[PDB]
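Structure file input_24.cif with mmCIF, N, CA and C atoms:
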data_coords
loop_
_atom_site.group_PDB
_atom_site.id
_atom_site.type_symbol
_atom_site.label_atom_id
_atom_site.label_comp_id
_atom_site.auth_asym_id
_atom_site.auth_seq_id
_atom_site.Cartn_x
_atom_site.Cartn_y
_atom_site.Cartn_z
ATOM 1 N N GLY M 1 -9.197 1.237 -10.656
ATOM 2 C CA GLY M 1 -8.173 1.041 -11.664
ATOM 3 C C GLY M 1 -6.794 0.819 -11.079
ATOM 4 N N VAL M 2 -6.688 -0.152 -10.180
ATOM 5 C CA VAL M 2 -5.421 -0.485 -9.538
ATOM 6 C C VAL M 2 -4.696 -1.504 -10.408
ATOM 7 N N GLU M 3 -3.473 -1.168 -10.813
ATOM 8 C CA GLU M 3 -2.665 -2.011 -11.687
ATOM 9 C C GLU M 3 -1.428 -2.457 -10.921
ATOM 10 N N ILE M 4 -1.284 -3.764 -10.748
ATOM 11 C CA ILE M 4 -0.240 -4.332 -9.905
ATOM 12 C C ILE M 4 0.983 -4.637 -10.759
ATOM 13 N N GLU M 5 2.153 -4.204 -10.294
ATOM 14 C CA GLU M 5 3.426 -4.469 -10.957
ATOM 15 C C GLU M 5 4.326 -5.175 -9.948
ATOM 16 N N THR M 6 4.196 -6.497 -9.874
ATOM 17 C CA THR M 6 4.883 -7.282 -8.858
ATOM 18 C C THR M 6 6.293 -7.627 -9.316
ATOM 19 N N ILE M 7 7.288 -7.242 -8.518
ATOM 20 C CA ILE M 7 8.604 -7.854 -8.638
ATOM 21 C C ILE M 7 8.515 -9.255 -8.055
ATOM 22 N N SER M 8 8.977 -10.246 -8.830
ATOM 23 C CA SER M 8 8.565 -11.649 -8.707
ATOM 24 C C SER M 8 8.671 -12.316 -7.330
ATOM 25 N N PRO M 9 9.792 -12.262 -6.576
ATOM 26 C CA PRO M 9 10.008 -13.290 -5.543
ATOM 27 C C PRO M 9 9.087 -13.157 -4.339
ATOM 28 N N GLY M 10 8.746 -14.313 -3.777
ATOM 29 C CA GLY M 10 7.759 -14.435 -2.721
ATOM 30 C C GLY M 10 7.299 -15.876 -2.634
ATOM 31 N N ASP M 11 5.989 -16.105 -2.596
ATOM 32 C CA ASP M 11 5.478 -17.466 -2.696
ATOM 33 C C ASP M 11 4.334 -17.567 -3.699
ATOM 34 N N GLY M 12 3.614 -16.466 -3.891
ATOM 35 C CA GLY M 12 2.507 -16.446 -4.825
ATOM 36 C C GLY M 12 1.277 -17.200 -4.383
ATOM 37 N N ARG M 13 1.177 -17.552 -3.101
ATOM 38 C CA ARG M 13 0.015 -18.295 -2.625
ATOM 39 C C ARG M 13 -0.575 -17.793 -1.316
ATOM 40 N N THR M 14 0.166 -17.065 -0.480
ATOM 41 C CA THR M 14 -0.365 -16.606 0.803
ATOM 42 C C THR M 14 -1.117 -15.300 0.554
ATOM 43 N N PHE M 15 -2.348 -15.444 0.092
ATOM 44 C CA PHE M 15 -3.081 -14.220 -0.202
ATOM 45 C C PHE M 15 -3.771 -13.707 1.058
ATOM 46 N N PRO M 16 -3.819 -12.388 1.246
ATOM 47 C CA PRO M 16 -4.507 -11.840 2.420
ATOM 48 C C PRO M 16 -6.012 -12.003 2.301
ATOM 49 N N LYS M 17 -6.658 -12.229 3.442
ATOM 50 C CA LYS M 17 -8.100 -12.407 3.510
ATOM 51 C C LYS M 17 -8.662 -11.517 4.611
ATOM 52 N N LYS M 18 -9.961 -11.655 4.853
ATOM 53 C CA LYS M 18 -10.612 -10.892 5.904
ATOM 54 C C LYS M 18 -10.195 -11.407 7.274
ATOM 55 N N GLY M 19 -10.187 -10.499 8.247
ATOM 56 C CA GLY M 19 -9.775 -10.851 9.589
ATOM 57 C C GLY M 19 -8.309 -11.177 9.729
ATOM 58 N N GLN M 20 -7.476 -10.717 8.799
ATOM 59 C CA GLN M 20 -6.055 -11.027 8.794
ATOM 60 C C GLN M 20 -5.267 -9.732 8.910
ATOM 61 N N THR M 21 -4.513 -9.600 9.996
ATOM 62 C CA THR M 21 -3.687 -8.425 10.232
ATOM 63 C C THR M 21 -2.327 -8.634 9.580
ATOM 64 N N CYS M 22 -1.913 -7.675 8.759
ATOM 65 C CA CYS M 22 -0.748 -7.847 7.910
ATOM 66 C C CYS M 22 0.224 -6.683 8.061
ATOM 67 N N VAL M 23 1.465 -6.946 7.659
ATOM 68 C CA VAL M 23 2.618 -6.093 7.921
ATOM 69 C C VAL M 23 3.271 -5.756 6.589
ATOM 70 N N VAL M 24 3.449 -4.461 6.323
ATOM 71 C CA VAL M 24 3.874 -3.966 5.015
ATOM 72 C C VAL M 24 4.986 -2.937 5.190
ATOM 73 N N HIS M 25 6.096 -3.138 4.473
ATOM 74 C CA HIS M 25 7.122 -2.109 4.299
ATOM 75 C C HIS M 25 6.744 -1.248 3.096
ATOM 76 N N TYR M 26 5.833 -0.308 3.324
ATOM 77 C CA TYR M 26 5.402 0.540 2.226
ATOM 78 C C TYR M 26 6.339 1.734 2.073
ATOM 79 N N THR M 27 6.103 2.501 1.011
ATOM 80 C CA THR M 27 6.834 3.742 0.759
ATOM 81 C C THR M 27 5.969 4.631 -0.120
ATOM 82 N N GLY M 28 5.711 5.857 0.333
ATOM 83 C CA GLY M 28 4.911 6.784 -0.451
ATOM 84 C C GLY M 28 5.751 7.550 -1.462
ATOM 85 N N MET M 29 5.210 7.676 -2.671
ATOM 86 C CA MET M 29 5.866 8.384 -3.760
ATOM 87 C C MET M 29 4.825 9.153 -4.554
ATOM 88 N N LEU M 30 5.114 10.415 -4.848
ATOM 89 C CA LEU M 30 4.244 11.217 -5.691
ATOM 90 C C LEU M 30 4.703 11.131 -7.138
ATOM 91 N N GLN M 31 3.768 10.829 -8.035
ATOM 92 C CA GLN M 31 4.047 10.934 -9.460
ATOM 93 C C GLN M 31 4.226 12.399 -9.832
ATOM 94 N N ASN M 32 5.289 12.678 -10.600
ATOM 95 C CA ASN M 32 5.807 14.029 -10.853
ATOM 96 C C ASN M 32 6.061 14.765 -9.541
ATOM 97 N N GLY M 33 6.609 14.037 -8.576
ATOM 98 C CA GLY M 33 6.854 14.580 -7.266
ATOM 99 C C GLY M 33 7.823 13.704 -6.507
ATOM 100 N N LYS M 34 8.005 14.042 -5.242
ATOM 101 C CA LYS M 34 8.959 13.370 -4.382
ATOM 102 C C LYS M 34 8.233 12.413 -3.440
ATOM 103 N N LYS M 35 8.970 11.872 -2.476
ATOM 104 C CA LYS M 35 8.369 11.046 -1.444
ATOM 105 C C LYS M 35 7.525 11.892 -0.499
ATOM 106 N N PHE M 36 6.600 11.220 0.178
ATOM 107 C CA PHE M 36 5.833 11.848 1.240
ATOM 108 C C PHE M 36 5.656 10.959 2.458
ATOM 109 N N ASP M 37 5.935 9.663 2.364
ATOM 110 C CA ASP M 37 5.690 8.753 3.471
ATOM 111 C C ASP M 37 6.585 7.535 3.300
ATOM 112 N N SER M 38 7.020 6.976 4.428
ATOM 113 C CA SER M 38 7.880 5.793 4.413
ATOM 114 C C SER M 38 7.786 5.094 5.758
ATOM 115 N N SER M 39 7.450 3.804 5.739
ATOM 116 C CA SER M 39 7.554 2.988 6.943
ATOM 117 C C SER M 39 9.002 2.697 7.307
ATOM 118 N N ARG M 40 9.909 2.772 6.331
ATOM 119 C CA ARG M 40 11.311 2.449 6.551
ATOM 120 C C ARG M 40 12.025 3.488 7.404
ATOM 121 N N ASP M 41 11.491 4.708 7.485
ATOM 122 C CA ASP M 41 12.106 5.738 8.315
ATOM 123 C C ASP M 41 11.925 5.425 9.793
ATOM 124 N N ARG M 42 10.677 5.249 10.220
ATOM 125 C CA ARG M 42 10.392 4.961 11.618
ATOM 126 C C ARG M 42 10.695 3.521 11.990
ATOM 127 N N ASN M 43 10.809 2.639 10.990
ATOM 128 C CA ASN M 43 11.168 1.224 11.144
ATOM 129 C C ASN M 43 10.180 0.461 12.024
ATOM 130 N N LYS M 44 8.936 0.927 12.064
ATOM 131 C CA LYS M 44 7.829 0.192 12.664
ATOM 132 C C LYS M 44 6.905 -0.197 11.521
ATOM 133 N N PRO M 45 6.940 -1.446 11.049
ATOM 134 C CA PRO M 45 6.438 -1.726 9.693
ATOM 135 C C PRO M 45 4.929 -1.860 9.546
ATOM 136 N N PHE M 46 4.166 -0.992 10.221
ATOM 137 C CA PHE M 46 2.773 -0.654 9.902
ATOM 138 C C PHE M 46 1.855 -1.885 9.917
ATOM 139 N N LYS M 47 1.658 -2.406 11.124
ATOM 140 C CA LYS M 47 0.689 -3.477 11.326
ATOM 141 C C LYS M 47 -0.728 -2.964 11.091
ATOM 142 N N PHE M 48 -1.485 -3.668 10.251
ATOM 143 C CA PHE M 48 -2.847 -3.264 9.926
ATOM 144 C C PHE M 48 -3.595 -4.487 9.420
ATOM 145 N N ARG M 49 -4.917 -4.443 9.540
ATOM 146 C CA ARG M 49 -5.775 -5.527 9.087
ATOM 147 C C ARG M 49 -6.488 -5.123 7.801
ATOM 148 N N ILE M 50 -7.256 -6.063 7.259
ATOM 149 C CA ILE M 50 -7.877 -5.932 5.947
ATOM 150 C C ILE M 50 -9.389 -5.970 6.114
ATOM 151 N N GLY M 51 -10.072 -4.962 5.570
ATOM 152 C CA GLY M 51 -11.515 -4.955 5.472
ATOM 153 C C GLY M 51 -12.206 -3.901 6.306
ATOM 154 N N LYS M 52 -11.512 -3.304 7.273
ATOM 155 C CA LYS M 52 -12.118 -2.322 8.161
ATOM 156 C C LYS M 52 -12.018 -0.900 7.627
ATOM 157 N N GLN M 53 -11.682 -0.744 6.338
ATOM 158 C CA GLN M 53 -11.602 0.543 5.633
ATOM 159 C C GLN M 53 -10.631 1.511 6.300
ATOM 160 N N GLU M 54 -9.562 0.972 6.883
ATOM 161 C CA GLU M 54 -8.544 1.807 7.506
ATOM 162 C C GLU M 54 -7.742 2.545 6.445
ATOM 163 N N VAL M 55 -7.149 1.796 5.522
ATOM 164 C CA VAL M 55 -6.339 2.345 4.444
ATOM 165 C C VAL M 55 -7.235 2.829 3.316
ATOM 166 N N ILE M 56 -6.639 3.525 2.350
ATOM 167 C CA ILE M 56 -7.335 4.029 1.172
ATOM 168 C C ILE M 56 -7.756 2.878 0.267
ATOM 169 N N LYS M 57 -8.622 3.176 -0.706
ATOM 170 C CA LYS M 57 -9.196 2.136 -1.556
ATOM 171 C C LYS M 57 -8.174 1.547 -2.517
ATOM 172 N N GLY M 58 -7.239 2.362 -3.007
ATOM 173 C CA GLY M 58 -6.236 1.849 -3.927
ATOM 174 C C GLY M 58 -5.245 0.924 -3.251
ATOM 175 N N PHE M 59 -4.863 1.246 -2.014
ATOM 176 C CA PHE M 59 -3.961 0.381 -1.263
ATOM 177 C C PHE M 59 -4.678 -0.860 -0.750
ATOM 178 N N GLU M 60 -5.992 -0.768 -0.532
ATOM 179 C CA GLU M 60 -6.748 -1.920 -0.053
ATOM 180 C C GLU M 60 -6.931 -2.955 -1.157
ATOM 181 N N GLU M 61 -7.169 -2.501 -2.389
ATOM 182 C CA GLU M 61 -7.293 -3.434 -3.504
ATOM 183 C C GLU M 61 -5.946 -4.032 -3.883
ATOM 184 N N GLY M 62 -4.870 -3.254 -3.765
ATOM 185 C CA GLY M 62 -3.547 -3.765 -4.070
ATOM 186 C C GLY M 62 -3.004 -4.723 -3.033
ATOM 187 N N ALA M 63 -3.489 -4.634 -1.792
ATOM 188 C CA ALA M 63 -3.003 -5.522 -0.743
ATOM 189 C C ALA M 63 -3.528 -6.939 -0.928
ATOM 190 N N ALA M 64 -4.791 -7.076 -1.338
ATOM 191 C CA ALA M 64 -5.378 -8.397 -1.526
ATOM 192 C C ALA M 64 -4.846 -9.100 -2.767
ATOM 193 N N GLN M 65 -4.294 -8.353 -3.722
ATOM 194 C CA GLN M 65 -3.782 -8.914 -4.963
ATOM 195 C C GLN M 65 -2.282 -9.186 -4.903
ATOM 196 N N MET M 66 -1.718 -9.272 -3.703
ATOM 197 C CA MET M 66 -0.328 -9.651 -3.483
ATOM 198 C C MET M 66 -0.275 -10.923 -2.647
ATOM 199 N N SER M 67 0.944 -11.379 -2.363
ATOM 200 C CA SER M 67 1.163 -12.537 -1.508
ATOM 201 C C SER M 67 2.357 -12.264 -0.603
ATOM 202 N N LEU M 68 2.704 -13.261 0.211
ATOM 203 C CA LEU M 68 3.797 -13.124 1.165
ATOM 204 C C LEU M 68 5.142 -13.059 0.455
ATOM 205 N N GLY M 69 5.951 -12.070 0.832
ATOM 206 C CA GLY M 69 7.259 -11.884 0.251
ATOM 207 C C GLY M 69 7.283 -11.118 -1.048
ATOM 208 N N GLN M 70 6.139 -10.959 -1.713
ATOM 209 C CA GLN M 70 6.087 -10.262 -2.987
ATOM 210 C C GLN M 70 6.348 -8.773 -2.808
ATOM 211 N N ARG M 71 6.776 -8.144 -3.898
ATOM 212 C CA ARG M 71 7.060 -6.711 -3.914
ATOM 213 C C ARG M 71 6.371 -6.130 -5.143
ATOM 214 N N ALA M 72 5.249 -5.458 -4.927
ATOM 215 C CA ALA M 72 4.503 -4.857 -6.016
ATOM 216 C C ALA M 72 4.816 -3.368 -6.108
ATOM 217 N N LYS M 73 4.156 -2.703 -7.051
ATOM 218 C CA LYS M 73 4.325 -1.269 -7.262
ATOM 219 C C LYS M 73 2.962 -0.683 -7.597
ATOM 220 N N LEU M 74 2.407 0.102 -6.680
ATOM 221 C CA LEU M 74 1.069 0.635 -6.870
ATOM 222 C C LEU M 74 1.082 1.890 -7.729
ATOM 223 N N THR M 75 -0.047 2.130 -8.393
ATOM 224 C CA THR M 75 -0.309 3.379 -9.110
ATOM 225 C C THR M 75 -1.748 3.752 -8.759
ATOM 226 N N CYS M 76 -1.904 4.538 -7.697
ATOM 227 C CA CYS M 76 -3.224 4.832 -7.158
ATOM 228 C C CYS M 76 -3.905 5.926 -7.966
ATOM 229 N N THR M 77 -5.105 5.627 -8.452
ATOM 230 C CA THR M 77 -5.900 6.607 -9.167
ATOM 231 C C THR M 77 -6.381 7.686 -8.195
ATOM 232 N N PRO M 78 -6.659 8.902 -8.687
ATOM 233 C CA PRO M 78 -7.086 9.965 -7.760
ATOM 234 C C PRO M 78 -8.440 9.717 -7.121
ATOM 235 N N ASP M 79 -9.381 9.123 -7.855
ATOM 236 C CA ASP M 79 -10.750 8.984 -7.373
ATOM 237 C C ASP M 79 -10.907 7.993 -6.225
ATOM 238 N N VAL M 80 -9.907 7.154 -5.954
ATOM 239 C CA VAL M 80 -10.043 6.161 -4.899
ATOM 240 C C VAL M 80 -9.447 6.608 -3.568
ATOM 241 N N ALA M 81 -8.531 7.581 -3.564
ATOM 242 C CA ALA M 81 -7.893 7.983 -2.314
ATOM 243 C C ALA M 81 -8.200 9.424 -1.928
ATOM 244 N N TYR M 82 -7.765 10.414 -2.710
ATOM 245 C CA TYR M 82 -7.933 11.800 -2.286
ATOM 246 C C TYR M 82 -8.199 12.784 -3.414
ATOM 247 N N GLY M 83 -8.341 12.342 -4.669
ATOM 248 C CA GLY M 83 -8.305 13.244 -5.814
ATOM 249 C C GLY M 83 -9.451 14.229 -5.890
ATOM 250 N N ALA M 84 -10.544 13.964 -5.179
ATOM 251 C CA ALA M 84 -11.567 14.982 -5.007
ATOM 252 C C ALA M 84 -11.140 16.011 -3.969
ATOM 253 N N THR M 85 -10.676 15.549 -2.807
ATOM 254 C CA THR M 85 -10.330 16.435 -1.702
ATOM 255 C C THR M 85 -8.846 16.784 -1.671
ATOM 256 N N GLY M 86 -7.987 15.782 -1.517
ATOM 257 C CA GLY M 86 -6.580 16.039 -1.282
ATOM 258 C C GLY M 86 -6.307 16.288 0.185
ATOM 259 N N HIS M 87 -5.339 15.578 0.746
ATOM 260 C CA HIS M 87 -5.013 15.756 2.154
ATOM 261 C C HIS M 87 -4.290 17.083 2.347
ATOM 262 N N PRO M 88 -4.767 17.947 3.245
ATOM 263 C CA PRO M 88 -4.356 19.363 3.246
ATOM 264 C C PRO M 88 -2.897 19.557 3.632
ATOM 265 N N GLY M 89 -2.146 20.189 2.728
ATOM 266 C CA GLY M 89 -0.735 20.426 2.897
ATOM 267 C C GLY M 89 0.154 19.297 2.417
ATOM 268 N N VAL M 90 -0.362 18.074 2.388
ATOM 269 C CA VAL M 90 0.417 16.905 2.013
ATOM 270 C C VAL M 90 0.046 16.412 0.624
ATOM 271 N N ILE M 91 -1.244 16.302 0.336
ATOM 272 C CA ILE M 91 -1.720 15.778 -0.936
ATOM 273 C C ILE M 91 -2.538 16.858 -1.634
ATOM 274 N N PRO M 92 -2.149 17.299 -2.824
ATOM 275 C CA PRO M 92 -2.971 18.251 -3.564
ATOM 276 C C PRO M 92 -4.181 17.552 -4.158
ATOM 277 N N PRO M 93 -5.220 18.297 -4.531
ATOM 278 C CA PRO M 93 -6.355 17.675 -5.222
ATOM 279 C C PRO M 93 -5.966 17.165 -6.601
ATOM 280 N N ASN M 94 -6.587 16.039 -6.975
ATOM 281 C CA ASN M 94 -6.347 15.308 -8.224
ATOM 282 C C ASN M 94 -4.873 14.910 -8.355
ATOM 283 N N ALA M 95 -4.436 14.060 -7.435
ATOM 284 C CA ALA M 95 -3.076 13.547 -7.426
ATOM 285 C C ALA M 95 -3.078 12.050 -7.703
ATOM 286 N N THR M 96 -2.064 11.596 -8.434
ATOM 287 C CA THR M 96 -1.890 10.185 -8.751
ATOM 288 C C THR M 96 -0.684 9.674 -7.974
ATOM 289 N N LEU M 97 -0.886 8.616 -7.197
ATOM 290 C CA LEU M 97 0.061 8.215 -6.170
ATOM 291 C C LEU M 97 0.803 6.947 -6.567
ATOM 292 N N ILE M 98 2.046 6.845 -6.099
ATOM 293 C CA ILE M 98 2.933 5.726 -6.391
ATOM 294 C C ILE M 98 3.369 5.110 -5.069
ATOM 295 N N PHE M 99 3.339 3.781 -4.990
ATOM 296 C CA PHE M 99 3.737 3.091 -3.771
ATOM 297 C C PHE M 99 4.548 1.851 -4.100
ATOM 298 N N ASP M 100 5.673 1.685 -3.412
ATOM 299 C CA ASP M 100 6.414 0.431 -3.409
ATOM 300 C C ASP M 100 5.949 -0.348 -2.185
ATOM 301 N N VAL M 101 5.304 -1.485 -2.418
ATOM 302 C CA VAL M 101 4.636 -2.244 -1.368
ATOM 303 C C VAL M 101 5.239 -3.638 -1.323
ATOM 304 N N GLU M 102 5.712 -4.041 -0.146
ATOM 305 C CA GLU M 102 6.165 -5.401 0.100
ATOM 306 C C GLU M 102 5.359 -5.988 1.247
ATOM 307 N N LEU M 103 4.876 -7.211 1.064
ATOM 308 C CA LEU M 103 4.082 -7.899 2.076
ATOM 309 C C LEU M 103 4.974 -8.907 2.794
ATOM 310 N N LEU M 104 5.388 -8.564 4.009
ATOM 311 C CA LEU M 104 6.120 -9.465 4.898
ATOM 312 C C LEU M 104 5.314 -9.520 6.188
ATOM 313 N N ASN M 105 4.320 -10.396 6.230
ATOM 314 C CA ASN M 105 3.264 -10.291 7.225
ATOM 315 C C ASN M 105 3.174 -11.534 8.106
ATOM 316 N N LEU M 106 2.134 -11.546 8.928
ATOM 317 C CA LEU M 106 1.584 -12.725 9.571
ATOM 318 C C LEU M 106 0.112 -12.826 9.179
ATOM 319 N N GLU M 107 -0.528 -13.910 9.624
ATOM 320 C CA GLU M 107 -1.937 -14.237 9.343
ATOM 321 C C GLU M 107 -2.268 -14.267 7.849
#
Translate the structure described by the file into structure tokens.
Amino acid sequence: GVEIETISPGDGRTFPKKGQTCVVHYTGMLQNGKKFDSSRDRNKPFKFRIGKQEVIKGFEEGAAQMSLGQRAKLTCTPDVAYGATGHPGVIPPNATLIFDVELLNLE
């Protein structure tokens, strides 16, 4: 149940595919909560590829439904990332996650 809320500008055609390593200025946000993660702090904009199940399921589905330069807004359901378990100390069980995601990539 990933729902994409794209802020318009970009190109709308460079969609990510398999075997493509991409670069994202993400930002973690907790619904009814504060931030927990930001690529903008360390300023190393998180090079990662698509399909090797590295990232969570909600961020993986939202990455393929964006394009180059676009700025979407994720709303991650609990069942796709951690809502059964919860990452200990950082993510409580049954949490709904918010992400500001911009795709400024290669490949």
So which residues get picked by the PyMOL selection byres ((chain M and resi 58-71) around 8) here, written as a PyMOL selection string?
-> chain M and resi 1-17+50-51+53-57+72-77+79-81+100-105
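Note that the spacing between CA of residue 87 (chain M) and CA of residue 36 (chain M) amounts to 11.6 Å.
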Enumerate the residues of chain M with a DSSP assignment of strand (DSSP E), computed from the backbone, and present them as a PyMOL selection string.
-> chain M and resi 21-23+27-30+35-38+47-49+71-76+97-102
All residues 7 Å or closer to residue 37 (chain M), all atoms listed in the file, same chain fewer than 6 positions away omitted, as a list in words = residues 26, 27, 28 and 29 of chain M
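If you apply the PyMOL selection byres ((chain M and resi 46) around 5) to this structure, you end up with residues 23, 24, 44, 45, 47 and 48 of chain M.
One finds CA of residue 99 (chain M) at 9.5 Å from CA of residue 35 (chain M).
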For the structure shown, which residues end up in the PyMOL selection byres ((chain M and resi 89-96) around 6)? Put them as a ChimeraX atom specification, please?
-> /M:30-31,76-78,82-88,97-98
Would you mind exporting the chosen residues as a PDB file, keeping the file's coordinate frame, restricted to N, CA and C atoms?
ATOM      1  N   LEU M  30       5.114  10.415  -4.848  1.00  0.00           N
ATOM      2  CA  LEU M  30       4.244  11.217  -5.691  1.00  0.00           C
ATOM      3  C   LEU M  30       4.703  11.131  -7.138  1.00  0.00           C
ATOM      4  N   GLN M  31       3.768  10.829  -8.035  1.00  0.00           N
ATOM      5  CA  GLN M  31       4.047  10.934  -9.460  1.00  0.00           C
ATOM      6  C   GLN M  31       4.226  12.399  -9.832  1.00  0.00           C
ATOM      7  N   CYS M  76      -1.904   4.538  -7.697  1.00  0.00           N
ATOM      8  CA  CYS M  76      -3.224   4.832  -7.158  1.00  0.00           C
ATOM      9  C   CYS M  76      -3.905   5.926  -7.966  1.00  0.00           C
ATOM     10  N   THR M  77      -5.105   5.627  -8.452  1.00  0.00           N
ATOM     11  CA  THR M  77      -5.900   6.607  -9.167  1.00  0.00           C
ATOM     12  C   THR M  77      -6.381   7.686  -8.195  1.00  0.00           C
ATOM     13  N   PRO M  78      -6.659   8.902  -8.687  1.00  0.00           N
ATOM     14  CA  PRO M  78      -7.086   9.965  -7.760  1.00  0.00           C
ATOM     15  C   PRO M  78      -8.440   9.717  -7.121  1.00  0.00           C
ATOM     16  N   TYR M  82      -7.765  10.414  -2.710  1.00  0.00           N
ATOM     17  CA  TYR M  82      -7.933  11.800  -2.286  1.00  0.00           C
ATOM     18  C   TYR M  82      -8.199  12.784  -3.414  1.00  0.00           C
ATOM     19  N   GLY M  83      -8.341  12.342  -4.669  1.00  0.00           N
ATOM     20  CA  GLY M  83      -8.305  13.244  -5.814  1.00  0.00           C
ATOM     21  C   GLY M  83      -9.451  14.229  -5.890  1.00  0.00           C
ATOM     22  N   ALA M  84     -10.544  13.964  -5.179  1.00  0.00           N
ATOM     23  CA  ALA M  84     -11.567  14.982  -5.007  1.00  0.00           C
ATOM     24  C   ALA M  84     -11.140  16.011  -3.969  1.00  0.00           C
ATOM     25  N   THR M  85     -10.676  15.549  -2.807  1.00  0.00           N
ATOM     26  CA  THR M  85     -10.330  16.435  -1.702  1.00  0.00           C
ATOM     27  C   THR M  85      -8.846  16.784  -1.671  1.00  0.00           C
ATOM     28  N   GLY M  86      -7.987  15.782  -1.517  1.00  0.00           N
ATOM     29  CA  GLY M  86      -6.580  16.039  -1.282  1.00  0.00           C
ATOM     30  C   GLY M  86      -6.307  16.288   0.185  1.00  0.00           C
ATOM     31  N   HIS M  87      -5.339  15.578   0.746  1.00  0.00           N
ATOM     32  CA  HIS M  87      -5.013  15.756   2.154  1.00  0.00           C
ATOM     33  C   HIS M  87      -4.290  17.083   2.347  1.00  0.00           C
ATOM     34  N   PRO M  88      -4.767  17.947   3.245  1.00  0.00           N
ATOM     35  CA  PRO M  88      -4.356  19.363   3.246  1.00  0.00           C
ATOM     36  C   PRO M  88      -2.897  19.557   3.632  1.00  0.00           C
ATOM     37  N   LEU M  97      -0.886   8.616  -7.197  1.00  0.00           N
ATOM     38  CA  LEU M  97       0.061   8.215  -6.170  1.00  0.00           C
ATOM     39  C   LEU M  97       0.803   6.947  -6.567  1.00  0.00           C
ATOM     40  N   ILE M  98       2.046   6.845  -6.099  1.00  0.00           N
ATOM     41  CA  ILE M  98       2.933   5.726  -6.391  1.00  0.00           C
ATOM     42  C   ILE M  98       3.369   5.110  -5.069  1.00  0.00           C
TER      43      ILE M  98
END
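Atom C of residue 40 (chain M) lies 26.9 Å from CA of residue 18 (chain M).
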8 Å per side around region 77-96 of chain M: axis-aligned box centre and edge lengths, as JSON:
{"center_x": -5.6, "center_y": 13.0, "center_z": -2.8, "size_x": 28.0, "size_y": 30.8, "size_z": 28.8}
Assuming the input is short of atoms at region 69-80 of chain M, produce N, CA, C and O atoms for that part as a short mmCIF file (atom, residue, chain, number, x, y, z; two decimals), in the coordinates of the input.
data_model
loop_
_atom_site.label_atom_id
_atom_site.label_comp_id
_atom_site.auth_asym_id
_atom_site.auth_seq_id
_atom_site.Cartn_x
_atom_site.Cartn_y
_atom_site.Cartn_z
N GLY M 69 5.95 -12.07 0.83
CA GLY M 69 7.26 -11.88 0.25
C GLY M 69 7.28 -11.12 -1.05
O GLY M 69 8.36 -10.66 -1.45
N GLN M 70 6.14 -10.96 -1.71
CA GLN M 70 6.09 -10.26 -2.99
C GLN M 70 6.35 -8.77 -2.81
O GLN M 70 6.17 -8.20 -1.73
N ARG M 71 6.78 -8.14 -3.90
CA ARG M 71 7.06 -6.71 -3.91
C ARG M 71 6.37 -6.13 -5.14
O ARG M 71 6.85 -6.30 -6.27
N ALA M 72 5.25 -5.46 -4.93
CA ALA M 72 4.50 -4.86 -6.02
C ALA M 72 4.82 -3.37 -6.11
O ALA M 72 5.63 -2.82 -5.35
N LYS M 73 4.16 -2.70 -7.05
CA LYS M 73 4.32 -1.27 -7.26
C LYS M 73 2.96 -0.68 -7.60
O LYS M 73 2.42 -0.94 -8.68
N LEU M 74 2.41 0.10 -6.68
CA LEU M 74 1.07 0.64 -6.87
C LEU M 74 1.08 1.89 -7.73
O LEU M 74 2.07 2.62 -7.79
N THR M 75 -0.05 2.13 -8.39
CA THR M 75 -0.31 3.38 -9.11
C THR M 75 -1.75 3.75 -8.76
O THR M 75 -2.70 3.32 -9.42
N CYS M 76 -1.90 4.54 -7.70
CA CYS M 76 -3.22 4.83 -7.16
C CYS M 76 -3.90 5.93 -7.97
O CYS M 76 -3.36 7.02 -8.14
N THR M 77 -5.11 5.63 -8.45
CA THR M 77 -5.90 6.61 -9.17
C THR M 77 -6.38 7.69 -8.20
O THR M 77 -6.46 7.45 -6.99
N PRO M 78 -6.66 8.90 -8.69
CA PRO M 78 -7.09 9.96 -7.76
C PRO M 78 -8.44 9.72 -7.12
O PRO M 78 -8.62 10.02 -5.94
N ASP M 79 -9.38 9.12 -7.86
CA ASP M 79 -10.75 8.98 -7.37
C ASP M 79 -10.91 7.99 -6.22
O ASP M 79 -11.96 7.99 -5.58
N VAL M 80 -9.91 7.15 -5.95
CA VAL M 80 -10.04 6.16 -4.90
C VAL M 80 -9.45 6.61 -3.57
O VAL M 80 -9.82 6.05 -2.52
#
